[PDB]
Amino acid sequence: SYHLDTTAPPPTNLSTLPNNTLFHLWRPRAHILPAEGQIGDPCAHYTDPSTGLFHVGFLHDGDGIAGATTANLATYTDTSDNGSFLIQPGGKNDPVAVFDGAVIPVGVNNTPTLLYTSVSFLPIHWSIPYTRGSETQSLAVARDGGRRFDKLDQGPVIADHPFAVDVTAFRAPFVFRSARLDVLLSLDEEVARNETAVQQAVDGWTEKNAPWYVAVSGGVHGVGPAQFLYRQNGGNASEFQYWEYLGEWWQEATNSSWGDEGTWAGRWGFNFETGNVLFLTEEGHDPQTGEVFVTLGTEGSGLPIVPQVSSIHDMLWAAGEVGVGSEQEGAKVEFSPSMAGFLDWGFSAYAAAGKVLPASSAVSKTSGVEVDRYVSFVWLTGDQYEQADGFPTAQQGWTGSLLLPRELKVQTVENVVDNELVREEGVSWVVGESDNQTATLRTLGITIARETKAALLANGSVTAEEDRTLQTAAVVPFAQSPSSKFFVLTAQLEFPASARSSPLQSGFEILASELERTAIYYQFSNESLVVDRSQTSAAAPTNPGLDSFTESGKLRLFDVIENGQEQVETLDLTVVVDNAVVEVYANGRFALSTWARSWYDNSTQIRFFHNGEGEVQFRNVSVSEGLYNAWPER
């Protein structure tokens, strides 16, 4: 007879416990996840034109797309009960499975319309032969306020992958509109070569009757990963049956990668997944003036290759330009990356699905936002993409969660010293404006959606810590630590120029007891925020299912001019700890999320950490405890 006692040592084998015994142990309170069961890819988000409510979707129990709605982008309500499903397999187009999809707010019958990957055969993986007809794209229309999606009574509207192309995958259609694409396709192939003519047409563009484009993710056996582009036939905004194939607007060589050493954006891998096409500005999303950005997941593998196994799941982002379709007979249009990085450096972060969130939305109206935004929902698989070594899934009763909604826009880093640090090849940023003395840098901006950040701190207990410096190695416990695993830790770390060349490691130790701790620090050596989980869980040693490997992401701190002097850019940290779900944010342009499954209720001390190498200044350190409930109606 074993009842859970989180103040006592964990049993040696967690998988021997009764189903659901671990249900609340690591479960978050402020994140998006079903009431129970497993959550897969986030997909099918859209602002309902009628109600202005923002709809969120996600695969659930490998049995279809489930959903929820929100009015504030802080609290959520399930569309229904018993799974809250919107659409499931079993149709003629989708006898085996229902994969990711995207929604056109005003589609068929002028109602929200879902274009999704209908599945008829399994297995499907880039490492094995593709079964013809495995993945097709079908339509379904929203009924009863989006609480369900009825499949149109006909076959798929894109019933096959490109003719005779040996695709490694063909799925996760994502819809978007683009002024630049309509122009490039509307103009002559000779007159669409000079930006002078283009830009002019781009200004007359009208978002309302523009045709929808569709990017499908996958690759080509023996050649490369790629995104397949389609658009309503003939650019007719009212054509929903036929979609003309524009070609592989973006493809890369098998297991190639941004930069020579693949340092800043992992690798393009063997297959591209759940692509998203964004158009940014310094303030939000604008399909007319925004720069072209694409977020995607890439499947990697070492050698030899393990059939049906993707050893690496990188959550990347790329930005660049779109031009005519070269001179050859390839794609009508091509996307050329200028920069690329990670949307989230977490091993278990993947399949992000975002959506434009209009200023006209009930969400932006209520919060006072008056610009169009692009909110992105990143997936945090719960069992390492189903490769976990015996995770106690039956015991937990649920699997996975989505990360906090995030705003994506163009973030600028001003007053930067245009130095080798800036002029490196294959990085996650481009020089905006430089006088060879100081330049502005452009990169993907990553922040917690404002309404969610506010809700996280609204009723939280706040406890500051005095600024302090550490030269010699030390681990200093905060004056006061929270008494629960639900909090937001904020701090700024100032480093002296002499630290770049040192083995310095500075940060914090969270979720700490004498038998447990989780280290989060910055390493100048490879320049990377690190989350050491080797001591995170007292239960991990005998339960390999609880992964404890190190997580880390590259974050460069540039030399800049602050008060009128040069200094190493301040490390601005924001760590949200949702019981076991941990998200590390840095400089409004870095994210590293992972699972920190601490066990003891006592495991809640926070400590300052410095390894004695170099010197670090902690400024403005504080903690907000409590966070909030994202599912009030449950």
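Counting begins at 1, following the sequence as shown. So that the term is clear: the rigid core is the largest set of C-alpha atoms that superpose within 1.5 Å between two forms.
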Quick note, superposing on core in 4 other deposited structures of this protein and taking C-alpha RMS, the more shifted stretch of 320-328 and 503-511 is 320-328
Comparing 457-465 with 381-389, which stretch shows the greater average C-alpha B-factor in the deposited entry?
457-465
Using only the Cα atoms and their B-factors as the entry lists them, report which of 125-133 and 280-288 averages higher.
280-288
So if I compare the CA B-factors in the entry for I104, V430, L489, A538, which one is the largest?
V430
Listed options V416, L546, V530, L229: highest C-alpha B factor recorded at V416
Ranking every modelled residue in this chain by its Cα temperature factor as given in the entry, which third contains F508?
middle
If you rank every modelled residue in this chain by C-alpha B factor, which third holds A630: lowest, middle or highest?
middle
If you rank every modelled residue in this chain by C-alpha B factor, which third holds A30: lowest, middle or highest?
lowest
So where's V568 on the chain's Cα temperature factor ranking, which third?
highest
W345: CA B-factor among chain residues, third -> lowest
